[PDB]
Each structure stands twice: as C-alpha cells, then as structure tokens.
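Report on the following structure.
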Amino acid sequence: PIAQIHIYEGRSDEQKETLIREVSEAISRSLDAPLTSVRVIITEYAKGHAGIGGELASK
Amino acid sequence: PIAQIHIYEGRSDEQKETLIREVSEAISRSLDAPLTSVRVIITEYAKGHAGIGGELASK
Amino acid sequence: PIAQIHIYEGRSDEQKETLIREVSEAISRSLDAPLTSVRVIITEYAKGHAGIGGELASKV
Amino acid sequence: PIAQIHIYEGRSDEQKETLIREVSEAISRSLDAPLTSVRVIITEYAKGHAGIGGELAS
Amino acid sequence: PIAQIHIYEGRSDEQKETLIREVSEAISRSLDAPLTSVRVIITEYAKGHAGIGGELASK
Amino acid sequence: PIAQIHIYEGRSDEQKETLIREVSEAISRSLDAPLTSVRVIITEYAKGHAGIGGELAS
C-alpha cells in the first residue's frame with residue numbers, strides 16, 4: 001500500500017517520523033499486510049496554499 | 001489533514017472500515033489534530049496496474 | 001496547470017462537463033494562463049471509500 | 001469535493017488566494033455542492049520539474 | 001521512487017505491462033536508483049472525465 | 001498521459017531533465033501515444049518525509 005498524507009507545515013522531524021510509523025502500523029494491521037510493503041509519503045502545505053470553503057486556511 | 005491510500009483490490013468492507021478509522025486516529029494523535037479534521041480517501045488498484053521493479057504485481 | 005478533482009460518484013454528465021469548463025476558466029483567469037494549457041482530471045469515489053473523522057462518508 | 005491544483009511557481013500570495021476562491025466557487029456551482037464542503041490544495045512546481053513532450057517547461 | 005501514470009482507458013494489458021517496465025527502467029537509469037526500488041501505479045480515465053482547455057477529451 | 005514522479009531530493013537539474021525526457025519517451029513508445037501529449041511532473045521528498053515499513057528512509 002502507498003499512502004500520501006497532506007498536512008500543514010510546522011511540525012518537527014520527530015513528529016513527522018511518529019506520523020509515518022503510526023500510520024504505517026495502522027495500514028499494516030488493518031489490511032493484514034506486511035509492514036515492509038507499506039510506503040508513506042508526507043507532503044506539507046503552507047496555510048496560504050490550502051482552501052476550505054473558498055477561504056485560505058491561514059484566515 | 002488528507003490521506004490518499006492506494007491499496008490492492010480485494011479487501012473486505014470490514015478491513016477498509018478499520019483502515020479508515022485506524023489511519024485517521026493515527027494521524028490525529030501524531031499531529032495533535034482534531035479527529036474531525038482528518039479526511040481519508042481509499043483508491044483500489046488491480047495487480048495488473050501496479051509495478052514493482054518494472055514487473056507486474058500480478059506475477 | 002493540472003487540476004485533479006476528487007468527487008463523490010453520482011453526478012450527471014452535464015454537471016461534470018460544467019465542472020471541467022468552469023474550473024478551467026477559473027484557473028486560467030486567476031493565473032493569467034492560456035486556457036488551452038489547463039488540464040482537468042475528475043476522479044469519482046464511492047462514499048464507502050471516503051472517511052471523515054474516521055467514519056465512512058456513507059454513514060455520516 | 002477535494003481539488004489538487006498543480007501550478008508553476010512565481011505567483012503572489014494574493015493571486016493564489018484568488019485561485020483558491022474562484023476554483024472553489026466554480027466547483028460549488030458546477031456540482032450544486034455546498035461551498036463549505038469544497039477543499040483546495042495548491043502545489044507549486046519549478047519549471048525544471050515539469051515536462052511537456054519530454055522537454056522542460058523552462 | 002513512485003510513479004503514478006494517468007492514462008486514457010482502452011489500452012491492452014500488454015501495452016500497460018510495457019508501460020510499467022519501460023517507465024521503471026527510465027526512472028532507474030535517470031536517477032541511478034536500483035530498479036527494485038521503483039514502484040509504478042497506473043490509473044485509467046474515461047475521456048468524459050478529462051478536460052483540455054475546458055472541453056471534454058471525448059469531443 | 002500525465003505522470004507524477006515522487007523522488008528523493010538531491011539530484012541535479014540535469015538528472016531531473018534526463019528523468020523527464022526518458023520517462024516521457026518510455027510512455028510514448030509503450031502506448032504508441034504522441035510524445036507531445038505526454039506531461040510529467042516531479043515532486044521531491046526529504047528522506048525524513050518518506051517511510052518504508054514505518055521507518056524513515058533517512
């Protein structure tokens with residue numbers, strides 16, 4: 001499985017490593033898939049590059 | 001946060017429901033983000049549409 | 001520019017055609033990019049394949 | 001609805017805000033979906049990271 | 001490396017297998033990355049779900 | 001066709017240009033599709049943003 005996770009910028013490397021580990025484990029146990037087969041990629045966004053209801057996340 | 005999870009076809013409804021719940025919870029606790037803000041989209045693939053090392057997953 | 005638009009299944013052909021046109025026009029005028037350069041791809045999802053708050057969209 | 005828009009780098013914050021608003025409104029009226037349900041994420045690319053016909057956009 | 005390739009529906013199984021192999025090889029030599037590390041996922045689209053210049057690919 | 005290629009950061013502009021050209025040509029010959037119709041977008045990732053087996057690539 002391959003998971004792309006889109007998150008706001010601003011977290012530490014440690015928090016992102018935790019995110020990757022916990023998500024990978026959740027995918028593996030949910031699907032009964034080998035942990036080694038799970039790939040995760042994180043993509044960060046500035047709040048000025050994200051919209052909800054047409055309004056910037058930054059407001 | 002938004003997670004797009006690419007998985008092989010053939011998982012049960014129950015496993016997919018678990019996937020959505022467990023991944024959402026993992027994202028929420030890892031990022032200290034409200035669970036209600038976490039969105040997940042599952043996309044399924046035939047093994048004939050996936051490659052590893054240039055070879056079909058189906059072989 | 002390339003837009004990938006993820007929507008729930010169940011829209012009409014007419015609404016999808018409108019979506020493509022109106023989004024393309026919005027991208028073109030917002031960015032001052034030639035309309036001919038704007039590409040849109042629509043991807044549909046069953047509500048059973050979408051989660052909000054850890055719950056299936058088909059439930060909430 | 002969730003829209004991911006891939007654009008070249010170099011626009012101002014104001015132009016990108018306009019992009020987000022106008023695209024969101026277009027999605028909402030095209031689909032008769034509540035505006036509040038529409039999410040947009042912008043991803044920028046350097047012209048050396050985009051290819052057309054095998055050739056760099058730059 | 002992970003490649004997602006978006007193509008129109010209607011290609012043969014053989015062409016898709018070739019696509020996976022040839023793209024994977026191109027990635028491997030371009031990046032000097034081991035072929036075994038390259039993953040490809042193909043996604044097909046109906047021409048009614050693709051727009052060019054605001055017009056459906058199907059017209 | 002549109003290809004999105006996710007790669008680790010650290011390659012030169014020249015290597016990325018080669019990637020774009022060689023991938024585009026591979027798509028074109030594999031599908032018998034005109035080279036001019038093939039678009040490629042590259043996205044780079046830090047090794048701290050990539051997981052294999054739940055562990056950081058770095």
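In the structure tokens, each chain is lettered A, B, ... as it comes, each chain's residues begin at 1, and ligands are numbered from 1 in order of appearance.
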Contacts of residue 36 (chain D) at 8 Å or less, counting only C-alpha atoms, minus same-chain residues fewer than 5 places along, as a list in words?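 Answer for this query is residues 52, 53 and 54 of chain A.
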Would you write out those residues with N, CA, C and O atoms, as a JSON list (two decimals), in the first residue's frame?
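Written out: part.json:
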[["chain", "number", "residue", "atom", "x", "y", "z"],
["A", 52, "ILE", "N", -10.55, 26.11, 2.36],
["A", 52, "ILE", "CA", -11.72, 25.44, 2.87],
["A", 52, "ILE", "C", -12.87, 26.39, 2.62],
["A", 52, "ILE", "O", -12.85, 27.53, 3.08],
["A", 53, "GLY", "N", -13.87, 25.95, 1.85],
["A", 53, "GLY", "CA", -14.98, 26.82, 1.53],
["A", 53, "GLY", "C", -14.57, 28.06, 0.74],
["A", 53, "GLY", "O", -15.25, 29.07, 0.76],
["A", 54, "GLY", "N", -13.46, 27.98, 0.03],
["A", 54, "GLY", "CA", -13.00, 29.13, -0.77],
["A", 54, "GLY", "C", -12.13, 30.11, 0.00],
["A", 54, "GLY", "O", -11.69, 31.11, -0.56]]
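If you count only C-alpha atoms and ignore residues fewer than 4 places along the chain from residue 9 (chain D), what sits within 9 Å of it is residues 43, 44, 45, 46 and 47 of chain D.
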Okay, now the selection with N, CA and C atoms, as a PDB file, in the first residue's frame?
ATOM      1  N   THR D  43      -0.239  22.967  -5.188  1.00  0.00           N
ATOM      2  CA  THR D  43       1.130  22.500  -5.220  1.00  0.00           C
ATOM      3  C   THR D  43       1.866  23.271  -6.339  1.00  0.00           C
ATOM      4  N   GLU D  44       2.969  23.916  -6.011  1.00  0.00           N
ATOM      5  CA  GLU D  44       3.767  24.650  -6.967  1.00  0.00           C
ATOM      6  C   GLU D  44       4.947  23.803  -7.486  1.00  0.00           C
ATOM      7  N   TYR D  45       5.336  24.046  -8.739  1.00  0.00           N
ATOM      8  CA  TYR D  45       6.443  23.348  -9.377  1.00  0.00           C
ATOM      9  C   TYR D  45       7.397  24.344 -10.012  1.00  0.00           C
ATOM     10  N   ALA D  46       8.678  24.092  -9.838  1.00  0.00           N
ATOM     11  CA  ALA D  46       9.693  24.799 -10.597  1.00  0.00           C
ATOM     12  C   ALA D  46       9.639  24.332 -12.035  1.00  0.00           C
ATOM     13  N   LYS D  47       9.927  25.216 -12.984  1.00  0.00           N
ATOM     14  CA  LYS D  47       9.808  24.849 -14.402  1.00  0.00           C
ATOM     15  C   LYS D  47      10.762  23.713 -14.833  1.00  0.00           C
TER      16      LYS D  47
END
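Around residue 23 (chain C), within 6 Å and counting only C-alpha atoms, the residues found are residues 19, 20 and 26 of chain C; 23 and 26 of chain D, once anything fewer than 3 positions away on its own chain is removed.
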For the residues selected in the previous step, produce a file with N, CA, C and O atoms as a compact mmCIF listing (two decimals), in the first residue's frame.
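To be explicit, this is the file written out as selection10.txt:
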# COMPACT_ATOMS: atom_id res chain seq x y z
N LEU C 19 -18.32 21.38 -14.60
CA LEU C 19 -17.18 21.40 -13.69
C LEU C 19 -15.90 21.60 -14.41
O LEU C 19 -15.10 22.49 -14.03
N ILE C 20 -15.67 20.82 -15.47
CA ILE C 20 -14.44 20.94 -16.21
C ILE C 20 -14.28 22.34 -16.83
O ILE C 20 -13.20 22.97 -16.71
N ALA C 26 -11.68 29.34 -14.34
CA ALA C 26 -11.24 29.95 -13.09
C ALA C 26 -9.71 29.89 -12.95
O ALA C 26 -9.07 30.86 -12.51
N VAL D 23 -11.76 28.85 -7.97
CA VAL D 23 -11.90 27.42 -8.20
C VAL D 23 -12.95 26.80 -7.28
O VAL D 23 -13.77 25.98 -7.72
N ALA D 26 -16.34 27.75 -8.52
CA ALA D 26 -16.64 27.01 -9.74
C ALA D 26 -17.06 25.57 -9.45
O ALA D 26 -17.99 25.05 -10.06
Show me, as a count of residues only, the residues that have an atom within 12 Å of residue 40 (chain A) when counting only C-alpha atoms, minus same-chain residues fewer than 4 positions from it. 41
Which is closer to chain A than all the others in B:31, B:59, B:48, B:9, using only C-alpha atoms?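 The answer is B:31, which sits nearest to chain A.
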What's around residue 37 (chain B) at 8 Å? Count only C-alpha atoms, leave out sequence neighbours fewer than 3 positions away in its own chain, and write the answer as number ranges by chain. B: 1, 33-34; C: 52-53
Give the strand (DSSP E or B) residues of region 23-55 of chain A, as assigned by DSSP on the backbone, as number ranges by chain. A: 39-45, 50-52, 55
Atom pair CA of residue 45 (chain A) / CA of residue 1 (chain C): separation (Å): 18.0 Å
Compile the residues of chain C that lie within 7 Å of chain B, evaluated using only C-alpha atoms, and express the compilation as a PyMOL selection string. chain C and resi 49-55
Selected residues written out with C-alpha atoms, as a PDB file, in the first residue's frame:
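Okay, this is what ended up in result_7.pdb:
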ATOM      1  CA  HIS C  49     -14.130   4.679   0.239  1.00  0.00           C
ATOM      2  CA  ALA C  50     -14.143   8.063   1.987  1.00  0.00           C
ATOM      3  CA  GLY C  51     -13.533   8.836   5.617  1.00  0.00           C
ATOM      4  CA  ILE C  52     -14.342  11.938   7.651  1.00  0.00           C
ATOM      5  CA  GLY C  53     -13.303  11.900  11.296  1.00  0.00           C
ATOM      6  CA  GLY C  54     -12.510   8.191  10.964  1.00  0.00           C
ATOM      7  CA  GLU C  55     -16.087   7.343   9.899  1.00  0.00           C
TER       8      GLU C  55
END
For the interface of chain F with chain C (cut-off 10 Å, counting only C-alpha atoms), please tabulate each contacting residue of chain F alongside its nearest pair of atoms and their separation in Å to one decimal, rows sorted by chain and increasing number, as CSV.
residue,atom,partner,partner_atom,distance
F:2,CA,C:2,CA,9.2
F:39,CA,C:2,CA,9.8
F:41,CA,C:2,CA,9.8
For the selection just defined, write its residues with N, CA and C atoms to a file, as a PDB file, in the first residue's frame.
ATOM      1  N   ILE F   2      -0.356  11.698 -18.168  1.00  0.00           N
ATOM      2  CA  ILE F   2       0.254  12.562 -17.151  1.00  0.00           C
ATOM      3  C   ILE F   2       0.940  11.661 -16.148  1.00  0.00           C
ATOM      4  N   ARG F  39       2.851  14.539 -20.403  1.00  0.00           N
ATOM      5  CA  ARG F  39       3.240  15.507 -19.371  1.00  0.00           C
ATOM      6  C   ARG F  39       3.791  14.826 -18.143  1.00  0.00           C
ATOM      7  N   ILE F  41       5.357  15.599 -14.116  1.00  0.00           N
ATOM      8  CA  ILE F  41       5.609  16.490 -13.022  1.00  0.00           C
ATOM      9  C   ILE F  41       6.394  15.750 -11.943  1.00  0.00           C
TER      10      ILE F  41
END
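Distance annotation: of F:37, F:5, F:58, F:10, the residue with the minimal separation from chain D is F:37; atom set is only C-alpha atoms.
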Reference chain E, mobile chain B, all Cα atoms fitted, written as a JSON list (two decimals) with N, CA and C atoms, in the first residue's frame:
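Output file part29.json is given in full below:
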[["chain", "number", "residue", "atom", "x", "y", "z"],
["B", 1, "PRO", "N", 11.57, 5.38, -5.69],
["B", 1, "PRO", "CA", 10.74, 6.34, -6.38],
["B", 1, "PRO", "C", 9.36, 5.76, -6.72],
["B", 2, "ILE", "N", 8.34, 6.61, -6.79],
["B", 2, "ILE", "CA", 6.97, 6.19, -7.05],
["B", 2, "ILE", "C", 6.44, 7.01, -8.20],
["B", 3, "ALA", "N", 5.97, 6.34, -9.24],
["B", 3, "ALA", "CA", 5.35, 7.04, -10.35],
["B", 3, "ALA", "C", 3.86, 6.70, -10.43],
["B", 4, "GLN", "N", 3.01, 7.73, -10.45],
["B", 4, "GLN", "CA", 1.58, 7.55, -10.71],
["B", 4, "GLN", "C", 1.32, 8.03, -12.14],
["B", 5, "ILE", "N", 0.82, 7.15, -12.99],
["B", 5, "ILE", "CA", 0.66, 7.45, -14.41],
["B", 5, "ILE", "C", -0.85, 7.41, -14.72],
["B", 6, "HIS", "N", -1.37, 8.56, -15.16],
["B", 6, "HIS", "CA", -2.77, 8.75, -15.47],
["B", 6, "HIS", "C", -2.93, 8.63, -16.98],
["B", 7, "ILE", "N", -3.72, 7.65, -17.43],
["B", 7, "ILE", "CA", -3.86, 7.39, -18.87],
["B", 7, "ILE", "C", -5.34, 7.20, -19.19],
["B", 8, "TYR", "N", -5.70, 7.43, -20.43],
["B", 8, "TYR", "CA", -7.02, 7.07, -20.91],
["B", 8, "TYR", "C", -7.28, 5.57, -20.87],
["B", 9, "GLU", "N", -8.52, 5.20, -20.54],
["B", 9, "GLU", "CA", -8.97, 3.83, -20.73],
["B", 9, "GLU", "C", -8.85, 3.36, -22.15],
["B", 10, "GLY", "N", -8.70, 2.03, -22.33],
["B", 10, "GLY", "CA", -8.64, 1.44, -23.66],
["B", 10, "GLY", "C", -7.26, 0.89, -24.11],
["B", 11, "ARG", "N", -6.24, 0.97, -23.26],
["B", 11, "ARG", "CA", -4.97, 0.32, -23.60],
["B", 11, "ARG", "C", -5.03, -1.19, -23.33],
["B", 12, "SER", "N", -4.25, -1.94, -24.13],
["B", 12, "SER", "CA", -4.22, -3.38, -23.98],
["B", 12, "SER", "C", -3.37, -3.77, -22.76],
["B", 13, "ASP", "N", -3.53, -4.99, -22.30],
["B", 13, "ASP", "CA", -2.72, -5.50, -21.20],
["B", 13, "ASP", "C", -1.23, -5.43, -21.56],
["B", 14, "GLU", "N", -0.93, -5.75, -22.83],
["B", 14, "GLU", "CA", 0.45, -5.75, -23.27],
["B", 14, "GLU", "C", 1.08, -4.36, -23.21],
["B", 15, "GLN", "N", 0.36, -3.34, -23.67],
["B", 15, "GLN", "CA", 0.87, -1.98, -23.62],
["B", 15, "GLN", "C", 1.05, -1.52, -22.19],
["B", 16, "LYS", "N", 0.14, -1.88, -21.28],
["B", 16, "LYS", "CA", 0.31, -1.48, -19.91],
["B", 16, "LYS", "C", 1.50, -2.16, -19.25],
["B", 17, "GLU", "N", 1.73, -3.44, -19.59],
["B", 17, "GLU", "CA", 2.90, -4.12, -19.06],
["B", 17, "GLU", "C", 4.18, -3.44, -19.55],
["B", 18, "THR", "N", 4.19, -3.10, -20.83],
["B", 18, "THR", "CA", 5.34, -2.39, -21.41],
["B", 18, "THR", "C", 5.54, -1.05, -20.74],
["B", 19, "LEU", "N", 4.48, -0.29, -20.53],
["B", 19, "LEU", "CA", 4.53, 0.98, -19.83],
["B", 19, "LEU", "C", 5.18, 0.85, -18.51],
["B", 20, "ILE", "N", 4.75, -0.14, -17.71],
["B", 20, "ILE", "CA", 5.33, -0.31, -16.39],
["B", 20, "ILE", "C", 6.81, -0.63, -16.46],
["B", 21, "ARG", "N", 7.18, -1.54, -17.35],
["B", 21, "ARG", "CA", 8.59, -1.93, -17.47],
["B", 21, "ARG", "C", 9.46, -0.78, -17.96],
["B", 22, "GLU", "N", 9.05, -0.14, -19.04],
["B", 22, "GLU", "CA", 9.87, 0.92, -19.67],
["B", 22, "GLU", "C", 9.97, 2.14, -18.81],
["B", 23, "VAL", "N", 8.89, 2.54, -18.15],
["B", 23, "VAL", "CA", 8.97, 3.70, -17.24],
["B", 23, "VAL", "C", 9.85, 3.37, -16.05],
["B", 24, "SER", "N", 9.72, 2.16, -15.50],
["B", 24, "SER", "CA", 10.54, 1.79, -14.35],
["B", 24, "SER", "C", 12.02, 1.81, -14.70],
["B", 25, "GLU", "N", 12.36, 1.28, -15.86],
["B", 25, "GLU", "CA", 13.76, 1.28, -16.34],
["B", 25, "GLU", "C", 14.26, 2.70, -16.57],
["B", 26, "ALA", "N", 13.42, 3.56, -17.14],
["B", 26, "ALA", "CA", 13.82, 4.94, -17.38],
["B", 26, "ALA", "C", 14.09, 5.68, -16.06],
["B", 27, "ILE", "N", 13.25, 5.42, -15.05],
["B", 27, "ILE", "CA", 13.46, 6.05, -13.75],
["B", 27, "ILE", "C", 14.76, 5.56, -13.12],
["B", 28, "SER", "N", 14.94, 4.25, -13.14],
["B", 28, "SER", "CA", 16.13, 3.64, -12.59],
["B", 28, "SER", "C", 17.41, 4.15, -13.23],
["B", 29, "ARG", "N", 17.50, 4.18, -14.57],
["B", 29, "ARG", "CA", 18.75, 4.68, -15.14],
["B", 29, "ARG", "C", 18.92, 6.18, -15.00],
["B", 30, "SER", "N", 17.85, 6.95, -15.04],
["B", 30, "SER", "CA", 17.95, 8.40, -14.94],
["B", 30, "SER", "C", 18.46, 8.84, -13.58],
["B", 31, "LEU", "N", 18.03, 8.14, -12.54],
["B", 31, "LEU", "CA", 18.33, 8.51, -11.16],
["B", 31, "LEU", "C", 19.45, 7.67, -10.55],
["B", 32, "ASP", "N", 19.99, 6.72, -11.30],
["B", 32, "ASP", "CA", 20.89, 5.74, -10.75],
["B", 32, "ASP", "C", 20.29, 5.14, -9.45],
["B", 33, "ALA", "N", 19.02, 4.74, -9.52],
["B", 33, "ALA", "CA", 18.35, 4.09, -8.40],
["B", 33, "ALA", "C", 18.13, 2.63, -8.73],
["B", 34, "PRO", "N", 18.23, 1.75, -7.72],
["B", 34, "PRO", "CA", 17.97, 0.34, -7.96],
["B", 34, "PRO", "C", 16.58, 0.11, -8.54],
["B", 35, "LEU", "N", 16.51, -0.69, -9.59],
["B", 35, "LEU", "CA", 15.26, -1.00, -10.25],
["B", 35, "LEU", "C", 14.22, -1.54, -9.26],
["B", 36, "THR", "N", 14.67, -2.37, -8.33],
["B", 36, "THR", "CA", 13.77, -2.96, -7.32],
["B", 36, "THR", "C", 13.08, -1.91, -6.43],
["B", 37, "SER", "N", 13.64, -0.70, -6.32],
["B", 37, "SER", "CA", 13.04, 0.35, -5.52],
["B", 37, "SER", "C", 11.96, 1.16, -6.29],
["B", 38, "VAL", "N", 11.76, 0.89, -7.58],
["B", 38, "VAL", "CA", 10.87, 1.73, -8.37],
["B", 38, "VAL", "C", 9.46, 1.14, -8.39],
["B", 39, "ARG", "N", 8.47, 1.93, -7.97],
["B", 39, "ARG", "CA", 7.07, 1.51, -7.94],
["B", 39, "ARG", "C", 6.24, 2.35, -8.88],
["B", 40, "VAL", "N", 5.33, 1.68, -9.60],
["B", 40, "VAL", "CA", 4.46, 2.35, -10.54],
["B", 40, "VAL", "C", 3.02, 1.98, -10.26],
["B", 41, "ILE", "N", 2.14, 2.97, -10.31],
["B", 41, "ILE", "CA", 0.73, 2.76, -10.24],
["B", 41, "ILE", "C", 0.06, 3.42, -11.44],
["B", 42, "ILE", "N", -0.76, 2.65, -12.15],
["B", 42, "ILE", "CA", -1.46, 3.14, -13.34],
["B", 42, "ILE", "C", -2.90, 3.43, -12.91],
["B", 43, "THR", "N", -3.40, 4.59, -13.31],
["B", 43, "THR", "CA", -4.76, 4.98, -13.07],
["B", 43, "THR", "C", -5.40, 5.33, -14.43],
["B", 44, "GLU", "N", -6.52, 4.68, -14.76],
["B", 44, "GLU", "CA", -7.22, 4.92, -16.01],
["B", 44, "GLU", "C", -8.36, 5.92, -15.86],
["B", 45, "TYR", "N", -8.63, 6.69, -16.91],
["B", 45, "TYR", "CA", -9.69, 7.70, -16.96],
["B", 45, "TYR", "C", -10.53, 7.57, -18.19],
["B", 46, "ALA", "N", -11.83, 7.73, -18.04],
["B", 46, "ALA", "CA", -12.72, 7.87, -19.19],
["B", 46, "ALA", "C", -12.46, 9.22, -19.84],
["B", 47, "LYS", "N", -12.59, 9.31, -21.15],
["B", 47, "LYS", "CA", -12.44, 10.61, -21.82],
["B", 47, "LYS", "C", -13.47, 11.66, -21.38],
["B", 48, "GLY", "N", -14.62, 11.21, -20.91],
["B", 48, "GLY", "CA", -15.65, 12.08, -20.30],
["B", 48, "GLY", "C", -15.26, 12.67, -18.93],
["B", 49, "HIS", "N", -14.16, 12.18, -18.34],
["B", 49, "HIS", "CA", -13.67, 12.66, -17.06],
["B", 49, "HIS", "C", -12.38, 13.44, -17.22],
["B", 50, "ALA", "N", -12.06, 13.84, -18.44],
["B", 50, "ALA", "CA", -10.81, 14.58, -18.68],
["B", 50, "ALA", "C", -11.10, 15.82, -19.49],
["B", 51, "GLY", "N", -10.46, 16.90, -19.13],
["B", 51, "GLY", "CA", -10.61, 18.15, -19.79],
["B", 51, "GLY", "C", -9.30, 18.67, -20.36],
["B", 52, "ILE", "N", -9.41, 19.29, -21.53],
["B", 52, "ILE", "CA", -8.29, 19.99, -22.15],
["B", 52, "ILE", "C", -8.85, 21.30, -22.61],
["B", 53, "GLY", "N", -8.31, 22.41, -22.09],
["B", 53, "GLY", "CA", -8.83, 23.72, -22.48],
["B", 53, "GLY", "C", -10.28, 23.92, -22.09],
["B", 54, "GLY", "N", -10.73, 23.22, -21.08],
["B", 54, "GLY", "CA", -12.11, 23.36, -20.60],
["B", 54, "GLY", "C", -13.12, 22.46, -21.33],
["B", 55, "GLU", "N", -12.66, 21.69, -22.31],
["B", 55, "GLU", "CA", -13.53, 20.87, -23.13],
["B", 55, "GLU", "C", -13.24, 19.41, -22.84],
["B", 56, "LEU", "N", -14.25, 18.56, -22.94],
["B", 56, "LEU", "CA", -14.06, 17.13, -22.71],
["B", 56, "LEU", "C", -13.13, 16.53, -23.74],
["B", 57, "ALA", "N", -12.24, 15.66, -23.29],
["B", 57, "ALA", "CA", -11.37, 14.91, -24.20],
["B", 57, "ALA", "C", -12.19, 14.09, -25.21],
["B", 58, "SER", "N", -13.37, 13.64, -24.78],
["B", 58, "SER", "CA", -14.26, 12.88, -25.64],
["B", 58, "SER", "C", -14.85, 13.71, -26.83],
["B", 59, "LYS", "N", -14.62, 15.03, -26.95],
["B", 59, "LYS", "CA", -15.15, 15.86, -28.08],
["B", 59, "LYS", "C", -14.10, 16.49, -29.01]]
Can you pull out every residue within 7 Å of residue 31 (chain D), counting only C-alpha atoms, but drop anything in the same chain fewer than 3 positions away, and send it as a compact mmCIF listing (two decimals) with N, CA, C and O atoms, in the first residue's frame?
# COMPACT_ATOMS: atom_id res chain seq x y z
N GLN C 15 -23.24 17.97 -15.36
CA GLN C 15 -22.56 18.63 -14.26
C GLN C 15 -21.06 18.46 -14.34
O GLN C 15 -20.33 19.39 -14.05
N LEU C 19 -18.32 21.38 -14.60
CA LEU C 19 -17.18 21.40 -13.69
C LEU C 19 -15.90 21.60 -14.41
O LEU C 19 -15.10 22.49 -14.03
N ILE D 27 -16.38 24.94 -8.51
CA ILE D 27 -16.74 23.56 -8.12
C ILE D 27 -18.12 23.53 -7.50
O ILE D 27 -18.97 22.70 -7.88
N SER D 28 -18.35 24.44 -6.57
CA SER D 28 -19.63 24.54 -5.90
C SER D 28 -20.79 24.76 -6.87
O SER D 28 -21.80 24.02 -6.79
Might you pull out every residue within 10 Å of residue 29 (chain D), with only C-alpha atoms counted and same-chain residues fewer than 4 positions away left off, and present them as number ranges by chain? C: 15, 18-19, 22; D: 24-25, 33-35
Coordinates-based distance that separates CA of residue 4 (chain C) from CA of residue 24 (chain C) (Å, one decimal): 11.3 Å
Minimum-distance residue to chain E, chosen among F:32, F:14, F:21, F:3 (using only C-alpha atoms):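 Of F:32, F:14, F:21, F:3, the one nearest chain E, counting only C-alpha atoms, is F:3.
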Going by DSSP on the backbone, which bits of chain B are alpha helix (DSSP H)? Write them as a ChimeraX atom specification, please. /B:13-31
Could you write out the selected residues, including N, CA and C atoms, as a JSON list (two decimals), in the first residue's frame?
[["chain", "number", "residue", "atom", "x", "y", "z"],
["B", 13, "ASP", "N", -15.03, -5.15, 3.22],
["B", 13, "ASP", "CA", -15.60, -3.90, 3.72],
["B", 13, "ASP", "C", -15.11, -3.63, 5.14],
["B", 14, "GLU", "N", -15.03, -4.70, 5.95],
["B", 14, "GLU", "CA", -14.61, -4.55, 7.33],
["B", 14, "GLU", "C", -13.18, -4.04, 7.45],
["B", 15, "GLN", "N", -12.26, -4.60, 6.66],
["B", 15, "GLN", "CA", -10.89, -4.15, 6.68],
["B", 15, "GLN", "C", -10.76, -2.72, 6.21],
["B", 16, "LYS", "N", -11.53, -2.31, 5.19],
["B", 16, "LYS", "CA", -11.46, -0.94, 4.75],
["B", 16, "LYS", "C", -12.00, 0.03, 5.79],
["B", 17, "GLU", "N", -13.07, -0.37, 6.50],
["B", 17, "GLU", "CA", -13.58, 0.48, 7.55],
["B", 17, "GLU", "C", -12.54, 0.64, 8.66],
["B", 18, "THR", "N", -11.89, -0.46, 9.01],
["B", 18, "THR", "CA", -10.82, -0.42, 10.02],
["B", 18, "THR", "C", -9.68, 0.46, 9.56],
["B", 19, "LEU", "N", -9.26, 0.34, 8.32],
["B", 19, "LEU", "CA", -8.23, 1.17, 7.74],
["B", 19, "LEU", "C", -8.53, 2.61, 7.90],
["B", 20, "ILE", "N", -9.75, 3.02, 7.54],
["B", 20, "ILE", "CA", -10.12, 4.42, 7.65],
["B", 20, "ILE", "C", -10.07, 4.90, 9.09],
["B", 21, "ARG", "N", -10.62, 4.11, 10.00],
["B", 21, "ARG", "CA", -10.65, 4.52, 11.41],
["B", 21, "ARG", "C", -9.25, 4.58, 12.00],
["B", 22, "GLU", "N", -8.47, 3.53, 11.82],
["B", 22, "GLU", "CA", -7.13, 3.44, 12.45],
["B", 22, "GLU", "C", -6.17, 4.44, 11.88],
["B", 23, "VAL", "N", -6.20, 4.66, 10.57],
["B", 23, "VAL", "CA", -5.31, 5.69, 9.97],
["B", 23, "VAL", "C", -5.73, 7.07, 10.44],
["B", 24, "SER", "N", -7.03, 7.34, 10.50],
["B", 24, "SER", "CA", -7.48, 8.65, 10.94],
["B", 24, "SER", "C", -7.05, 8.93, 12.38],
["B", 25, "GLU", "N", -7.19, 7.94, 13.24],
["B", 25, "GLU", "CA", -6.76, 8.07, 14.65],
["B", 25, "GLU", "C", -5.25, 8.26, 14.75],
["B", 26, "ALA", "N", -4.49, 7.54, 13.94],
["B", 26, "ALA", "CA", -3.03, 7.68, 13.97],
["B", 26, "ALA", "C", -2.61, 9.09, 13.52],
["B", 27, "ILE", "N", -3.28, 9.63, 12.51],
["B", 27, "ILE", "CA", -2.97, 10.98, 12.05],
["B", 27, "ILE", "C", -3.30, 12.00, 13.14],
["B", 28, "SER", "N", -4.49, 11.86, 13.70],
["B", 28, "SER", "CA", -4.94, 12.75, 14.75],
["B", 28, "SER", "C", -4.01, 12.75, 15.96],
["B", 29, "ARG", "N", -3.63, 11.59, 16.49],
["B", 29, "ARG", "CA", -2.75, 11.64, 17.65],
["B", 29, "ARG", "C", -1.32, 12.05, 17.30],
["B", 30, "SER", "N", -0.82, 11.70, 16.13],
["B", 30, "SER", "CA", 0.54, 12.04, 15.75],
["B", 30, "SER", "C", 0.73, 13.54, 15.61],
["B", 31, "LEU", "N", -0.29, 14.20, 15.07],
["B", 31, "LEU", "CA", -0.21, 15.63, 14.75],
["B", 31, "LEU", "C", -0.90, 16.51, 15.79]]
